[PDB]
$ cat my_file_30.txt   # compact mmCIF, N, CA and C atoms
# COMPACT_ATOMS: atom_id res chain seq x y z
N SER F 1 19.58 52.32 -8.24
CA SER F 1 20.14 53.49 -7.56
C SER F 1 21.36 54.02 -8.30
N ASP F 2 21.23 55.17 -8.96
CA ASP F 2 22.29 55.84 -9.70
C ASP F 2 21.94 57.33 -9.80
N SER F 3 22.81 58.13 -10.40
CA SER F 3 22.62 59.56 -10.61
C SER F 3 23.39 59.93 -11.88
N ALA F 4 23.18 61.15 -12.41
CA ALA F 4 23.85 61.62 -13.62
C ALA F 4 25.37 61.53 -13.47
N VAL F 5 25.96 62.39 -12.64
CA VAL F 5 27.40 62.45 -12.38
C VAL F 5 27.90 61.33 -11.45
N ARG F 6 27.07 60.34 -11.08
CA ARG F 6 27.48 59.23 -10.21
C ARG F 6 26.83 57.95 -10.71
N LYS F 7 27.42 57.36 -11.75
CA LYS F 7 26.95 56.13 -12.38
C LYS F 7 28.09 55.13 -12.53
N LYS F 8 29.14 55.22 -11.70
CA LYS F 8 30.27 54.28 -11.78
C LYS F 8 29.91 52.86 -11.30
N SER F 9 28.63 52.59 -11.05
CA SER F 9 28.10 51.31 -10.60
C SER F 9 28.35 50.23 -11.65
N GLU F 10 27.88 50.45 -12.88
CA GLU F 10 28.01 49.53 -14.00
C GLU F 10 27.84 50.30 -15.31
N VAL F 11 28.25 49.69 -16.42
CA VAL F 11 28.16 50.21 -17.77
C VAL F 11 27.61 49.08 -18.65
N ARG F 12 28.48 48.24 -19.21
CA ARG F 12 28.20 47.11 -20.08
C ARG F 12 29.39 46.16 -20.01
N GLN F 13 29.26 44.90 -20.39
CA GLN F 13 30.39 43.97 -20.36
C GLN F 13 31.23 44.27 -21.59
N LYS F 14 32.21 45.16 -21.41
CA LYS F 14 33.13 45.57 -22.46
C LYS F 14 33.85 44.34 -23.00
N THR F 15 34.34 43.50 -22.10
CA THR F 15 35.03 42.29 -22.45
C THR F 15 34.00 41.24 -22.80
N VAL F 16 34.45 40.29 -23.60
CA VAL F 16 33.67 39.16 -24.05
C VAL F 16 34.17 38.00 -23.22
N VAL F 17 33.28 37.18 -22.66
CA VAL F 17 33.66 36.03 -21.87
C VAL F 17 32.93 34.83 -22.47
N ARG F 18 33.70 33.93 -23.07
CA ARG F 18 33.17 32.73 -23.71
C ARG F 18 34.12 31.57 -23.44
N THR F 19 33.58 30.36 -23.54
CA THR F 19 34.31 29.12 -23.36
C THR F 19 34.69 28.69 -24.77
N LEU F 20 35.98 28.76 -25.09
CA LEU F 20 36.49 28.39 -26.39
C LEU F 20 37.17 27.03 -26.22
N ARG F 21 37.10 26.18 -27.25
CA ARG F 21 37.69 24.85 -27.23
C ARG F 21 38.57 24.64 -28.45
N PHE F 22 39.46 23.66 -28.38
CA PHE F 22 40.41 23.33 -29.45
C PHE F 22 40.70 21.84 -29.42
N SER F 23 41.17 21.24 -30.51
CA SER F 23 41.50 19.81 -30.53
C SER F 23 42.93 19.63 -29.98
N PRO F 24 43.38 18.39 -29.70
CA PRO F 24 44.72 18.16 -29.16
C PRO F 24 45.81 18.64 -30.11
N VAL F 25 45.55 18.55 -31.42
CA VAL F 25 46.44 18.96 -32.49
C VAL F 25 46.60 20.48 -32.43
N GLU F 26 45.50 21.24 -32.53
CA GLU F 26 45.55 22.69 -32.50
C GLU F 26 46.22 23.19 -31.23
N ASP F 27 45.93 22.55 -30.10
CA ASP F 27 46.49 22.89 -28.80
C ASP F 27 47.98 22.65 -28.77
N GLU F 28 48.43 21.53 -29.33
CA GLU F 28 49.84 21.18 -29.38
C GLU F 28 50.56 22.27 -30.16
N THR F 29 50.09 22.59 -31.37
CA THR F 29 50.69 23.60 -32.22
C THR F 29 50.77 24.93 -31.48
N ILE F 30 49.63 25.43 -31.01
CA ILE F 30 49.56 26.70 -30.31
C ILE F 30 50.43 26.73 -29.07
N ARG F 31 50.43 25.67 -28.26
CA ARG F 31 51.24 25.61 -27.05
C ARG F 31 52.72 25.77 -27.41
N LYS F 32 53.19 25.05 -28.43
CA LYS F 32 54.59 25.12 -28.85
C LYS F 32 54.89 26.50 -29.43
N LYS F 33 53.99 27.09 -30.22
CA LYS F 33 54.20 28.40 -30.83
C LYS F 33 54.29 29.49 -29.77
N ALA F 34 53.39 29.45 -28.79
CA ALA F 34 53.32 30.41 -27.70
C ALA F 34 54.61 30.38 -26.86
N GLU F 35 55.00 29.20 -26.39
CA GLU F 35 56.17 29.03 -25.53
C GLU F 35 57.49 29.38 -26.22
N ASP F 36 57.62 29.08 -27.51
CA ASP F 36 58.83 29.39 -28.27
C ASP F 36 58.97 30.89 -28.42
N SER F 37 57.84 31.56 -28.68
CA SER F 37 57.82 33.00 -28.87
C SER F 37 57.95 33.74 -27.54
N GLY F 38 57.77 33.05 -26.41
CA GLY F 38 57.85 33.67 -25.11
C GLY F 38 56.61 34.55 -24.91
N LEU F 39 55.43 34.09 -25.34
CA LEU F 39 54.15 34.74 -25.23
C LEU F 39 53.27 33.67 -24.60
N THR F 40 52.44 34.02 -23.64
CA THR F 40 51.56 33.02 -23.06
C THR F 40 50.52 32.69 -24.13
N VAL F 41 49.92 31.51 -24.07
CA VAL F 41 48.91 31.07 -25.04
C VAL F 41 47.78 32.09 -25.20
N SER F 42 47.29 32.71 -24.12
CA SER F 42 46.21 33.69 -24.24
C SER F 42 46.64 34.88 -25.10
N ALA F 43 47.83 35.42 -24.83
CA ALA F 43 48.39 36.53 -25.58
C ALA F 43 48.62 36.07 -27.01
N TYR F 44 49.19 34.88 -27.21
CA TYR F 44 49.47 34.33 -28.53
C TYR F 44 48.18 34.32 -29.37
N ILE F 45 47.08 33.80 -28.82
CA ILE F 45 45.77 33.72 -29.47
C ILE F 45 45.30 35.10 -29.93
N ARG F 46 45.03 36.02 -28.99
CA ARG F 46 44.55 37.36 -29.32
C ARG F 46 45.54 38.07 -30.25
N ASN F 47 46.84 37.92 -30.04
CA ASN F 47 47.88 38.52 -30.86
C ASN F 47 47.71 38.07 -32.30
N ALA F 48 47.72 36.76 -32.55
CA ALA F 48 47.57 36.21 -33.89
C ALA F 48 46.23 36.62 -34.51
N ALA F 49 45.19 36.74 -33.68
CA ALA F 49 43.87 37.11 -34.14
C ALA F 49 43.79 38.57 -34.65
N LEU F 50 44.64 39.47 -34.16
CA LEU F 50 44.63 40.89 -34.55
C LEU F 50 45.71 41.20 -35.58
N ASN F 51 46.84 40.49 -35.51
CA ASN F 51 47.98 40.64 -36.41
C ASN F 51 47.67 39.89 -37.69
N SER W 1 35.58 0.09 -13.35
CA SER W 1 35.05 -0.97 -14.22
C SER W 1 35.52 -0.74 -15.66
N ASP W 2 36.25 -1.69 -16.25
CA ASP W 2 36.76 -1.59 -17.62
C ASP W 2 37.20 -2.97 -18.11
N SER W 3 37.83 -3.00 -19.28
CA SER W 3 38.39 -4.16 -19.94
C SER W 3 39.43 -3.59 -20.91
N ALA W 4 40.44 -4.38 -21.28
CA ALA W 4 41.51 -3.95 -22.19
C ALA W 4 40.96 -3.39 -23.51
N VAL W 5 39.89 -3.98 -24.05
CA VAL W 5 39.26 -3.57 -25.30
C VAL W 5 37.94 -2.79 -25.08
N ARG W 6 37.56 -2.50 -23.83
CA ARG W 6 36.33 -1.76 -23.51
C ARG W 6 36.66 -0.66 -22.51
N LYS W 7 37.41 0.33 -22.97
CA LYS W 7 37.82 1.48 -22.19
C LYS W 7 37.62 2.69 -23.10
N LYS W 8 36.37 3.12 -23.21
CA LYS W 8 35.93 4.26 -24.01
C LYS W 8 35.15 5.24 -23.12
N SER W 9 35.09 5.00 -21.81
CA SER W 9 34.39 5.81 -20.84
C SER W 9 34.96 7.23 -20.83
N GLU W 10 36.22 7.40 -20.43
CA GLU W 10 36.87 8.70 -20.39
C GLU W 10 38.38 8.50 -20.49
N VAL W 11 38.90 8.37 -21.72
CA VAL W 11 40.32 8.18 -21.97
C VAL W 11 41.11 9.40 -21.47
N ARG W 12 40.84 10.57 -22.06
CA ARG W 12 41.45 11.85 -21.75
C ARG W 12 40.67 12.92 -22.49
N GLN W 13 40.57 14.12 -21.91
CA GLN W 13 39.88 15.23 -22.55
C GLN W 13 40.89 15.74 -23.56
N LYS W 14 40.78 15.26 -24.79
CA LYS W 14 41.67 15.68 -25.85
C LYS W 14 41.36 17.14 -26.18
N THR W 15 40.09 17.53 -26.09
CA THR W 15 39.74 18.90 -26.35
C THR W 15 40.19 19.71 -25.15
N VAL W 16 40.44 20.97 -25.42
CA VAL W 16 40.82 21.94 -24.42
C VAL W 16 39.53 22.71 -24.14
N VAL W 17 39.41 23.28 -22.96
CA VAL W 17 38.27 24.05 -22.53
C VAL W 17 38.81 25.15 -21.62
N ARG W 18 38.65 26.39 -22.07
CA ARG W 18 39.13 27.54 -21.30
C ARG W 18 38.31 28.77 -21.62
N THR W 19 38.39 29.75 -20.73
CA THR W 19 37.70 31.01 -20.85
C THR W 19 38.72 31.98 -21.43
N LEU W 20 38.53 32.41 -22.68
CA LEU W 20 39.43 33.33 -23.36
C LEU W 20 38.69 34.65 -23.47
N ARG W 21 39.13 35.65 -22.69
CA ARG W 21 38.52 36.97 -22.69
C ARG W 21 39.15 37.84 -23.77
N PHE W 22 38.39 38.82 -24.27
CA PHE W 22 38.85 39.75 -25.31
C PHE W 22 38.31 41.13 -24.98
N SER W 23 39.07 42.20 -25.24
CA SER W 23 38.64 43.57 -24.96
C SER W 23 37.58 43.99 -26.00
N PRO W 24 36.84 45.10 -25.83
CA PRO W 24 35.82 45.50 -26.81
C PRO W 24 36.42 45.94 -28.14
N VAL W 25 37.61 46.55 -28.10
CA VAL W 25 38.31 47.01 -29.28
C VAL W 25 38.68 45.78 -30.12
N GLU W 26 39.33 44.79 -29.50
CA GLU W 26 39.74 43.55 -30.14
C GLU W 26 38.53 42.77 -30.62
N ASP W 27 37.50 42.67 -29.78
CA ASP W 27 36.25 41.95 -30.05
C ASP W 27 35.57 42.48 -31.30
N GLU W 28 35.49 43.80 -31.45
CA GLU W 28 34.89 44.44 -32.61
C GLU W 28 35.70 44.07 -33.85
N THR W 29 37.03 44.16 -33.79
CA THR W 29 37.90 43.82 -34.91
C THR W 29 37.75 42.35 -35.28
N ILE W 30 37.79 41.45 -34.29
CA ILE W 30 37.65 40.02 -34.52
C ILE W 30 36.24 39.76 -35.09
N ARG W 31 35.22 40.46 -34.61
CA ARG W 31 33.87 40.28 -35.14
C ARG W 31 33.83 40.72 -36.60
N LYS W 32 34.54 41.78 -36.95
CA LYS W 32 34.59 42.32 -38.30
C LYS W 32 35.37 41.44 -39.26
N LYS W 33 36.57 40.99 -38.89
CA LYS W 33 37.37 40.14 -39.77
C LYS W 33 36.66 38.80 -39.93
N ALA W 34 36.17 38.19 -38.85
CA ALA W 34 35.46 36.91 -38.89
C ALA W 34 34.30 36.99 -39.87
N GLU W 35 33.40 37.95 -39.68
CA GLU W 35 32.22 38.11 -40.53
C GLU W 35 32.58 38.43 -41.97
N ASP W 36 33.59 39.27 -42.20
CA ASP W 36 34.00 39.63 -43.56
C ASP W 36 34.63 38.42 -44.25
N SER W 37 35.37 37.60 -43.51
CA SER W 37 36.00 36.40 -44.04
C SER W 37 34.92 35.31 -44.22
N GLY W 38 33.71 35.51 -43.67
CA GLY W 38 32.62 34.57 -43.76
C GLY W 38 32.84 33.39 -42.82
N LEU W 39 33.54 33.59 -41.70
CA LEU W 39 33.84 32.59 -40.70
C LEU W 39 33.26 33.07 -39.38
N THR W 40 33.05 32.13 -38.47
CA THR W 40 32.57 32.46 -37.14
C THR W 40 33.82 32.90 -36.39
N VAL W 41 33.66 33.77 -35.39
CA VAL W 41 34.73 34.28 -34.54
C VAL W 41 35.60 33.11 -34.04
N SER W 42 35.01 31.97 -33.63
CA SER W 42 35.76 30.82 -33.15
C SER W 42 36.71 30.28 -34.23
N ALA W 43 36.19 30.03 -35.44
CA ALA W 43 36.97 29.53 -36.57
C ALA W 43 38.06 30.54 -36.90
N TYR W 44 37.72 31.83 -36.90
CA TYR W 44 38.68 32.87 -37.20
C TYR W 44 39.84 32.79 -36.20
N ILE W 45 39.54 32.73 -34.89
CA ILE W 45 40.54 32.65 -33.83
C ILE W 45 41.45 31.45 -34.06
N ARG W 46 40.88 30.24 -34.07
CA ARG W 46 41.64 29.02 -34.25
C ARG W 46 42.49 29.07 -35.51
N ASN W 47 41.92 29.45 -36.65
CA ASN W 47 42.60 29.53 -37.93
C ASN W 47 43.77 30.51 -37.91
N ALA W 48 43.54 31.74 -37.46
CA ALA W 48 44.57 32.77 -37.39
C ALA W 48 45.71 32.36 -36.46
N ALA W 49 45.39 31.66 -35.37
CA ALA W 49 46.39 31.24 -34.41
C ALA W 49 47.23 30.04 -34.88
N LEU W 50 46.70 29.21 -35.78
CA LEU W 50 47.41 28.03 -36.29
C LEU W 50 48.32 28.39 -37.44
N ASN W 51 47.84 29.26 -38.32
CA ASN W 51 48.59 29.72 -39.48
C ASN W 51 49.54 30.82 -39.05

$ encode --input "my_file_30.txt" --output "structure tokens"
Amino acid sequence: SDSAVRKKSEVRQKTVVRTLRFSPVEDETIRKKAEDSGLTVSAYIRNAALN
Amino acid sequence: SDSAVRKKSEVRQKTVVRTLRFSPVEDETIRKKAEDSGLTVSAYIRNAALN
């Protein structure tokens, strides 16, 4: 059930949703880097990935 | 049930497990840098965030 000018129901999953994992070492480094910079780990990850 | 020298059942989840979401703009860029660098998006993320 949709129409031309009324399709706000769904589009596509713009965002990517995946289960990512890391070792205790990588996590330790990232956790310390994130907190020192005053950026949460999620922001730190995506930030470093684009910068 | 354990023993001092037989405790390999579940010490601690040293690996981290989380859902890290990414926008389509970021996802496309990460897909492009990862593939151009000849790395998987996961390796690219972890590597860029550690260095």

$ residues_around --input "my_file_30.txt" --residues "residue 24 (chain F)" --least-positions-apart "2" --cutoff "7 Å" --atoms "only N, CA and C atoms" --output "CSV table (one decimal) with N, CA and C atoms, keeping the file's coordinate frame"
chain,number,residue,atom,x,y,z
F,22,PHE,N,39.5,23.7,-28.4
F,22,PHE,CA,40.4,23.3,-29.4
F,22,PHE,C,40.7,21.8,-29.4
F,26,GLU,N,45.5,21.2,-32.5
F,26,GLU,CA,45.6,22.7,-32.5
F,26,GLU,C,46.2,23.2,-31.2
F,27,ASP,N,45.9,22.6,-30.1
F,27,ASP,CA,46.5,22.9,-28.8
F,27,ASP,C,48.0,22.6,-28.8
F,28,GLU,N,48.4,21.5,-29.3
F,28,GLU,CA,49.8,21.2,-29.4
F,28,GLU,C,50.6,22.3,-30.2
F,29,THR,N,50.1,22.6,-31.4
F,29,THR,CA,50.7,23.6,-32.2
F,29,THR,C,50.8,24.9,-31.5
W,14,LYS,N,40.8,15.3,-24.8
W,14,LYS,CA,41.7,15.7,-25.8
W,14,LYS,C,41.4,17.1,-26.2
W,15,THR,N,40.1,17.5,-26.1
W,15,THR,CA,39.7,18.9,-26.4
W,15,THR,C,40.2,19.7,-25.2
W,16,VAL,N,40.4,21.0,-25.4
W,16,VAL,CA,40.8,21.9,-24.4
W,16,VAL,C,39.5,22.7,-24.1

$ select_by_dssp --input "my_file_30.txt" --residues "chain W" --states "strand (DSSP E)" --output "ChimeraX atom specification"
/W:16-22

$ atom_distance --input "my_file_30.txt" --atom1 "CA of residue 30 (chain W)" --atom2 "CA of residue 45 (chain W)"
7.9 Å

$ closest_residue --input "my_file_30.txt" --among "W:20, W:43, W:11, W:4" --to "chain F" --atoms "only N, CA and C atoms"
W:20

$ atom_distance --input "my_file_30.txt" --atom1 "CA of residue 31 (chain W)" --atom2 "CA of residue 49 (chain F)"
10.5 Å

$ select_by_dssp --input "my_file_30.txt" --residues "chain F" --states "alpha helix (DSSP H)" --output "PyMOL selection string"
chain F and resi 24-37+41-50

$ closest_residue --input "my_file_30.txt" --among "W:1, W:40, W:47, W:19" --to "chain F" --atoms "only C-alpha atoms"
W:19

$ atom_distance --input "my_file_30.txt" --atom1 "CA of residue 38 (chain W)" --atom2 "CA of residue 39 (chain F)"
28.4 Å

$ closest_residue --input "my_file_30.txt" --among "W:9, W:23, W:51, W:37" --to "chain F" --atoms "only C-alpha atoms"
W:23

$ closest_residue --input "my_file_30.txt" --among "F:32, F:21, F:46, F:8" --to "chain W" --atoms "only N, CA and C atoms"
F:21

$ decode --input "my_file_30.txt" --residues "region 16-47 of chain F" --atoms "N, CA, C and O atoms" --output "CSV table (one decimal), in the first residue's frame"
chain,number,residue,atom,x,y,z
F,16,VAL,N,24.0,1.3,7.7
F,16,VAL,CA,24.5,-0.1,7.7
F,16,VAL,C,24.5,-0.5,9.1
F,16,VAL,O,24.9,0.3,10.0
F,17,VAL,N,24.0,-1.7,9.4
F,17,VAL,CA,23.9,-2.3,10.7
F,17,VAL,C,24.6,-3.6,10.7
F,17,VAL,O,24.2,-4.6,10.0
F,18,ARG,N,25.8,-3.7,11.3
F,18,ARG,CA,26.6,-4.9,11.4
F,18,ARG,C,27.2,-5.0,12.8
F,18,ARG,O,27.3,-4.0,13.5
F,19,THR,N,27.5,-6.3,13.2
F,19,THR,CA,28.2,-6.6,14.4
F,19,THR,C,29.6,-6.6,14.1
F,19,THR,O,30.1,-7.4,13.4
F,20,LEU,N,30.4,-5.6,14.7
F,20,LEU,CA,31.8,-5.5,14.5
F,20,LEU,C,32.4,-6.0,15.8
F,20,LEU,O,31.9,-5.8,16.9
F,21,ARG,N,33.6,-6.6,15.7
F,21,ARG,CA,34.3,-7.1,16.9
F,21,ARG,C,35.8,-6.6,16.9
F,21,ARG,O,36.3,-6.2,15.8
F,22,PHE,N,36.4,-6.6,18.0
F,22,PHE,CA,37.8,-6.2,18.2
F,22,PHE,C,38.5,-7.0,19.3
F,22,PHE,O,37.8,-7.6,20.1
F,23,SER,N,39.8,-7.1,19.3
F,23,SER,CA,40.5,-7.8,20.4
F,23,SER,C,40.7,-6.9,21.6
F,23,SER,O,40.4,-5.7,21.5
F,24,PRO,N,41.1,-7.5,22.8
F,24,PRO,CA,41.2,-6.7,24.0
F,24,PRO,C,42.2,-5.6,23.8
F,24,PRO,O,42.0,-4.5,24.4
F,25,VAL,N,43.3,-5.8,23.0
F,25,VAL,CA,44.3,-4.9,22.7
F,25,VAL,C,43.7,-3.7,22.0
F,25,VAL,O,43.8,-2.5,22.4
F,26,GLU,N,43.1,-3.9,20.8
F,26,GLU,CA,42.5,-2.9,20.0
F,26,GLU,C,41.5,-2.1,20.8
F,26,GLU,O,41.4,-0.9,20.6
F,27,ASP,N,40.7,-2.8,21.6
F,27,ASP,CA,39.7,-2.1,22.4
F,27,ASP,C,40.3,-1.2,23.5
F,27,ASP,O,39.8,-0.1,23.7
F,28,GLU,N,41.4,-1.7,24.1
F,28,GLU,CA,42.1,-0.9,25.1
F,28,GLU,C,42.6,0.4,24.5
F,28,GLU,O,42.3,1.5,25.0
F,29,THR,N,43.3,0.3,23.3
F,29,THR,CA,43.8,1.4,22.6
F,29,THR,C,42.7,2.4,22.3
F,29,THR,O,42.8,3.6,22.7
F,30,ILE,N,41.7,1.9,21.6
F,30,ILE,CA,40.6,2.7,21.1
F,30,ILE,C,39.8,3.4,22.3
F,30,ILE,O,39.5,4.6,22.2
F,31,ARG,N,39.6,2.6,23.4
F,31,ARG,CA,38.9,3.2,24.5
F,31,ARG,C,39.7,4.3,25.1
F,31,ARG,O,39.1,5.4,25.4
F,32,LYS,N,41.0,4.2,25.3
F,32,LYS,CA,41.8,5.2,25.8
F,32,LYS,C,41.9,6.4,24.9
F,32,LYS,O,41.9,7.6,25.3
F,33,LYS,N,42.0,6.2,23.6
F,33,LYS,CA,42.1,7.3,22.6
F,33,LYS,C,40.8,8.1,22.6
F,33,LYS,O,40.8,9.3,22.5
F,34,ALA,N,39.6,7.4,22.6
F,34,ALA,CA,38.3,8.0,22.6
F,34,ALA,C,38.1,8.9,23.8
F,34,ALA,O,37.8,10.1,23.6
F,35,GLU,N,38.3,8.3,25.0
F,35,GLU,CA,38.1,9.1,26.2
F,35,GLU,C,39.0,10.3,26.4
F,35,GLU,O,38.6,11.3,27.0
F,36,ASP,N,40.2,10.1,26.0
F,36,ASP,CA,41.2,11.2,26.1
F,36,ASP,C,40.8,12.4,25.2
F,36,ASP,O,40.9,13.6,25.6
F,37,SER,N,40.3,12.0,24.0
F,37,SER,CA,39.9,13.0,23.0
F,37,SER,C,38.6,13.6,23.4
F,37,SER,O,38.2,14.7,22.8
F,38,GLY,N,37.8,13.0,24.3
F,38,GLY,CA,36.5,13.5,24.7
F,38,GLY,C,35.5,13.2,23.5
F,38,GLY,O,34.7,14.1,23.2
F,39,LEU,N,35.6,12.0,22.9
F,39,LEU,CA,34.8,11.6,21.8
F,39,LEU,C,34.4,10.2,22.2
F,39,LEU,O,35.2,9.4,22.8
F,40,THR,N,33.1,9.8,22.1
F,40,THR,CA,32.7,8.5,22.5
F,40,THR,C,33.4,7.5,21.5
F,40,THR,O,33.6,7.9,20.3
F,41,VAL,N,33.6,6.3,21.8
F,41,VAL,CA,34.2,5.3,21.0
F,41,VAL,C,33.5,5.2,19.6
F,41,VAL,O,34.2,5.0,18.6
F,42,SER,N,32.2,5.2,19.5
F,42,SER,CA,31.5,5.1,18.2
F,42,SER,C,31.9,6.3,17.3
F,42,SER,O,32.2,6.1,16.2
F,43,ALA,N,31.9,7.5,17.9
F,43,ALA,CA,32.3,8.7,17.1
F,43,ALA,C,33.7,8.6,16.8
F,43,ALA,O,34.1,8.8,15.6
F,44,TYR,N,34.6,8.1,17.7
F,44,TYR,CA,36.0,8.0,17.5
F,44,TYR,C,36.3,7.0,16.3
F,44,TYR,O,37.0,7.4,15.4
F,45,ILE,N,35.6,5.9,16.2
F,45,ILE,CA,35.7,4.9,15.1
F,45,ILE,C,35.4,5.5,13.8
F,45,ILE,O,36.2,5.6,12.9
F,46,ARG,N,34.1,6.0,13.6
F,46,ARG,CA,33.7,6.6,12.3
F,46,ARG,C,34.5,7.8,12.0
F,46,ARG,O,34.9,7.9,10.8
F,47,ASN,N,34.9,8.6,13.0
F,47,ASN,CA,35.7,9.8,12.8
F,47,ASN,C,37.1,9.4,12.2
F,47,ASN,O,37.4,9.8,11.1
